[PDB]
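For reference, the structure is listed below as structure tokens.
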Amino acid sequence: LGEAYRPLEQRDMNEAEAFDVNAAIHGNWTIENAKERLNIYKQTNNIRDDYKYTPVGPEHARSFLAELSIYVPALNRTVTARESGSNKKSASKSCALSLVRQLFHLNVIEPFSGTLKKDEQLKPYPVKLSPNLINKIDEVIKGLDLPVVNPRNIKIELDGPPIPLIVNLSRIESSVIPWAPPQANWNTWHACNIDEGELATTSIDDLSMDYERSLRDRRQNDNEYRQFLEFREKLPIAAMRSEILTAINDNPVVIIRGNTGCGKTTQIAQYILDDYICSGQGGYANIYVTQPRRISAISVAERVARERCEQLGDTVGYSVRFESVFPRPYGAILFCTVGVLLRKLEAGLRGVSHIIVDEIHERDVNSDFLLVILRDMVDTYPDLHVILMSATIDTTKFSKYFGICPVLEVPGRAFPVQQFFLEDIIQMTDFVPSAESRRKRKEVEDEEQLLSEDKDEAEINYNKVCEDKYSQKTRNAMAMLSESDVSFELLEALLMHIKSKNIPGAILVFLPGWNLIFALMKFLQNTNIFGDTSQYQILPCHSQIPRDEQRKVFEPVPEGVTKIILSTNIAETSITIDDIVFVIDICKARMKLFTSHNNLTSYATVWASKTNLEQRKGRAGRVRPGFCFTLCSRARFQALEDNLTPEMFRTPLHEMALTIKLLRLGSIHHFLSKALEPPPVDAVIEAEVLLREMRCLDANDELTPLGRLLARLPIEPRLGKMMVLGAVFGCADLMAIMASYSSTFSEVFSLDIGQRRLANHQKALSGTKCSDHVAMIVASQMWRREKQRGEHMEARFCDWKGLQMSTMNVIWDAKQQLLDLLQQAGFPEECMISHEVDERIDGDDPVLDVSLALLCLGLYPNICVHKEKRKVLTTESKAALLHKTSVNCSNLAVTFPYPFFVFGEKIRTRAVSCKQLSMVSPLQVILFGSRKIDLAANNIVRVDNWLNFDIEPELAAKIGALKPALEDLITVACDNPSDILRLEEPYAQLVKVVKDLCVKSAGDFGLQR
RNA sequence: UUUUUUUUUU
Ligand SMILES: Nc1ncnc2c1ncn2[C@@H]1O[C@H](COP(=O)(O)OP(=O)(O)O)[C@@H](O)[C@H]1O
Ligand code: ALF
Ligand SMILES: [Mg+2]
Ligand SMILES: [Mg+2]
């Protein structure tokens, strides 16, 4: 017997902001006429709405948003505009312009019927070429049979318009994203057939059998895994596992709303996968989980691997740009950024069973774009499952967008978080701001009193609103504090109060950007208490610090040391930093704005939304109880937006339009009209016109081979087009690194707090070239060799030269990626050989010279002309300054060998600044930095209606005739990437003469300079 | 704290 044994001042600013580059594509509606037209519209249609103004920035860099919405009965539609400007006047003009332009394109208002206003011409710049060079031009023109304008037969040089010297002439089904259920011999993650080893005799059922046996074995026998299961069962979301799985199983789309920390991201993917595994079907599951941020995808993937007692690479993986650990091909979970999933769409999503779109409230352009796609995909493929998740969403709006889908409400949280507002913080600390700080703030305010605009009820001071529940002293003190500026005194007092409680735990401080993070770090490190490394370690957290320093925020500190993390919103959602007990929220966020009509970028520090505050708060109360010190008044909190405005509303759309066409999803307008919030129609029009003019789209708005290639590169299309010519000219390596530098906000050189300019050893990297691009190239060439010697050597080198290590790495990784992608498109290795730049050469350098010339194409229309000292002139002689960070910036009376600079960015501060600058020669501008080359009065050749040249008009026409040939060359290259270094002879000679033309001195024949 | 750097891409 027995069972075991039983047998069988500042005038320039407004003028720079009023500049309007694109009225001609928007009905001739421009800055100076839009407000008046809108006033006429408002009078005709009895519209009482006025501009809503929002202050932006600290008091010392105050700007404004202006918003206006108009309901149009005829369309049953509200048209909204939202724009920024240095003051209310510029913001309201830009706002009115957007609104009028939208109304024009929707046929509610007419085109403007008058002529637009097109003085003081700039002095002509002399240009002369050798007879030898001119002969080569003639040979190329003959060889390519190019039409050339003959200015002998150009009569009127009196008082008429300039005459063109270019003839711009060339010479020669919309699908759904593929999907399928799981299939043998297919890797879902790479979208390719496997063909190797043992999915030869191995079916998906056999795999499933193996996974179930293995999991069931571990469930009984693996103590660590057993413990993790016990832990997991106690999470708030476990109470709804079955209900959630049933909803997912029976519906193509589901929404999960659950509190911060309740278990959405760590658990749901496991619930789905384990439900397949335990039922003998583990091989028929493959789950993508998108996160908005890189740190979230990586961090949560690491956690989920640990909950399963595995190494990344088995059932759990991640993929972010430059860094992937892919899981096994069947029965797996891949965490990624939204952008990665959008790039995977090109190859189809065959074999994906479930897509979890996490933190779906973010409203970045990628997330909204993905929602459009996925809604169409579930309609076409009703067996696909999509799961949308957030703590912080309007479920009704998302449910409606998806045709009404299930909404699952998860109650509870892991641990409580005690919340305090500014009043509470002042009262508990007995804070009073110092005499010094009060005087300094009135001093900055009293010089605003001269430049001040009307203070409207939209600029209430919510620090002077407080209930009498608080002491009179608390109220007086609060009323002394700026809402715009961060009081480091208050922060210190709060940190001391936290210390006095004797509660161990890390402190997480949310700040809008780098500048505040590093200023507060310095401030704290200078104190006796917080500067003592035996008591505190202060860690920054920002996207642009080294990867290893980001990882330090998650890690412990020594015994008795308190961790203070000073972080941007990269730590706002998704992540568990396991030792957080206290959150301090400054209640701000930073946006990068772009106004299309004037080409101005700016950074805006704005009030965070209630959504942002709730996510930030939710970094505590995850592993133990916590505290959230929200540094705004209770009345300010009530006045915060529920959410920040969607990115789709304020971003150029041309990259997304290319993606729409690449993925063959049909019409750009139609696709974007299906967005959760459709973008304003003027931005859609701008995008289409840009892509047509760049030749990415043909006459039928279909993708050209150039457009298809550019849609696949992770850079601005204009930089992509520059790369194609780079390849043709044998300098793709240099072009890639410059494109990469032009595509990151991460800065090359470090400057101290309040440092006015680069040090000499940093400027010296430019050598003789007067070029930020060269300085960056040279820095990269040196850094590259130090990186090869190891981490210590790399860091030491960066400290020695004042380089930002993380920037060097990202520029390199992006550059290598671009080159790999060009190789994949068929361009030969030989066109992207490294060429070391020697910055110390004073004079011509053929490979560098053509490289910098091609920047004029990639960064067009950003050409400026040096006037004196830091002052330059941009298009149509608008004033600007050389950015303080440029190697070319000096307060002394510098003169440059040539006055022309190409630049990466035109930034709006208290002044307009040009940033990322390279000196370029006149022919480089004429050839590559121009759309029009016209003959003006008195034989002056005028480029783009403002750069004047004293050059033989006949010669300018000959040079100009090369520009359409260069476009044809790009067509030839994109038709056959593999043949670009063995061109038919007339194109090979074009390449040669253009190299000659781009030599630095080629326009200086017999000229002193 | 006298504004170089919110994010993100095969
Ligand atoms: N690294 C970690 N250490 C300890 N606990 C963790 C860690 N990561 C997650 N958790 C636990 O799992 C819970 C759920 O995390 P997660 O699924 O990321 O929450 P949500 O997606 O709902 O915000 C956390 O509240 C915490 O209790
Ligand atoms: F909802 Al979470 F971290 F993803 F709070
Ligand atoms: Mg989550
Ligand atoms: Mg002349």
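Quick note: numbers below take in every heavy atom, side chains included, and nothing from hydrogens, waters or symmetry partners. Per chain, numbering begins at 1; letters A, B, ... match sequence-line order.
Residues A:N891 and A:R757 bring a donor and an acceptor atom of their side chains to less than 3.5 Å of each other. Between A:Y741 and A:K815, the side chains place no donor N or O within less than 3.5 Å of an acceptor N or O (distance only, hydrogens not considered). Under 3.5 Å, the side chains of A:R551 and A:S299 contain no donor-acceptor pair of N or O atoms.
For A:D358, there are no salt bridge (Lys or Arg N to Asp or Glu O under 4.0 Å) partners two or more places apart in sequence or in a different chain. Residues that satisfy the side-chain contact (heavy atoms from CB on, under 4.5 Å) test with A:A61, not counting sequence neighbours, are A:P58. Take A:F827 and apply the ring-ring contact (aromatic ring centres under 6.0 Å, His included) test, not counting sequence neighbours, and it matches no residue. Applying the side-chain contact (heavy atoms from CB on, under 4.5 Å) criterion to A:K915, with sequence neighbours excluded, gives A:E747, A:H883, A:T885, A:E905, A:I907. Annotation: side-chain contact (heavy atoms from CB on, under 4.5 Å) contacts of A:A91 (sequence neighbours excluded): A:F64, A:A66. Contacts of A:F594 classified as ring-ring contact (aromatic ring centres under 6.0 Å, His included), with partners at least two apart in sequence or in another chain: none.
No contact: A:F518 has no heavy atom under 4.0 Å from any strand. Residue-level contact check: A:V748 touches neither bases nor backbone, having no heavy atom under 4.0 Å from any strand. Nucleic acid contact for A:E362: none, since no nucleic acid atom lies under 4.0 Å from a heavy atom of the residue. Across all strands shown, A:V486 has heavy atoms under 4.0 Å from base atoms, whether or not it also approaches the sugar-phosphate. Among the protein residues, A:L713 comes within range of the nucleic acid bases, having at least one heavy atom under 4.0 Å from a base atom. Nucleic acid contact class of A:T909 (heavy atoms, under 4.0 Å, all strands): base. A:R712 comes within 4.0 angstrom of a nucleotide base, judged by non-hydrogen atoms across all strands. Using a 4.0 Å heavy-atom distance criterion, A:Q817 is classed as a base contact. Residue-level contact check: A:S746 touches the bases, meaning some heavy atom is under 4.0 Å from a base atom. Note on A:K884: only backbone sugar-phosphate atoms sit closer than 4.0 angstrom, heavy atoms only; bases stay farther off. Residue contacts shown for A:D364 are absent, as no nucleic acid heavy atom lies under 4.0 Å away. In this structure, A:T605 reaches neither bases nor backbone, as no heavy-atom distance under 4.0 Å exists between it and the strands shown. A:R294 comes within 4.0 angstrom of the backbone, heavy atoms only, and of no base.
For the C1' atoms, the distance from B:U6 to B:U2 is 22 Å, rounded to whole Å.
For RNA chain B, the span of nucleotides reached by chain A at under 4.0 Å from its heavy atoms goes, 5' to 3', from B:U1 to B:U10.
Both A:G513 and A:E346 lie near RNA chain B, and the one whose nearest nucleotide falls closer to the 5' end is A:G513. Take the nearest nucleotide of RNA chain B for A:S487 and for A:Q824: the residue whose nucleotide is more 5' is A:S487.
Annotation: proximity of residues 807-815 of chain A to RNA chain B (heavy atom, distance under 4.0 Å) is found for no residue.
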Please output the side-chain donor-acceptor pairs of residues 643-657 of chain A that fall under 3.5 Å, not counting sequence neighbours, one pair per line with the distance.
residue, atom, partner, partner atom, Å
A:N643, OD1, A:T611, OG1, 2.7
A:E647, OE1, A:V365, N, 2.9
A:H654, NE2, A:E716, OE1, 2.7

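The six-membered rings of B:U4 and B:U5 are unstacked by the 5.5 Å centre and 30° plane criterion.
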